[PDB]
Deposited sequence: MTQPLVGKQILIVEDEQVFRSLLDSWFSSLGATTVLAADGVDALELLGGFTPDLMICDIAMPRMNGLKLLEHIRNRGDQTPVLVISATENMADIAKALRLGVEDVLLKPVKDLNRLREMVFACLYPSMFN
């Protein structure tokens, strides 16, 4: 129960991986909010602030819009992308890390971000 009291927003289009992340974070004690759609998640963020957001940048629009409004919400990107320029854009916007999928290292990044 290392993550009790932490709220995680998971933005993931793929139902299986969405459920996997929910199961993993929830098993650690976090309360999860999941959005299948990145545009839906942007709307959600206009009403609440999680301790960490996970998203795939294959997603940068969501990130650029929250960073331009002044939001300091921690973001971890999990993507299979091999596009260095895209990773670079995410890194410039401010992300905790960019994890390759299909995923481990996730535990490391999450804990090394939350506290």
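**Student:** Against the full deposited sequence, which stretches does the structure leave out?
**Tutor:** Missing CA coords at 1-2, 61-65, 111-113, 126-130.
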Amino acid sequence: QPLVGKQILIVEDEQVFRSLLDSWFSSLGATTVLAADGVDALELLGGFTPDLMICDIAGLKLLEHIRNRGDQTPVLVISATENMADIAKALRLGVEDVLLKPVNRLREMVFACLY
From here on, numbers count along this sequence of modelled residues.
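**Student:** Mind pulling up the entry and telling me whether 106-114 or 1-9 has the higher mean Cα temperature factor?
**Tutor:** Higher mean C-alpha B-factor: 106-114.
**Student:** Averaged over C-alpha atoms, is the B-factor higher for 75-83 or for 47-55 in this PDB entry?
**Tutor:** Mean CA B-factor is higher for 75-83.
**Student:** Maximum C-alpha temperature factor per the entry, among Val33, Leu60, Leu28, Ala36, belongs to which one?
**Tutor:** Reading the PDB entry, the winner on C-alpha B-factor is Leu60.
**Student:** By the recorded C-alpha temperature factor, relative to the other modelled residues in its chain, which third is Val95 in?
**Tutor:** Bottom third by C-alpha B-factor.
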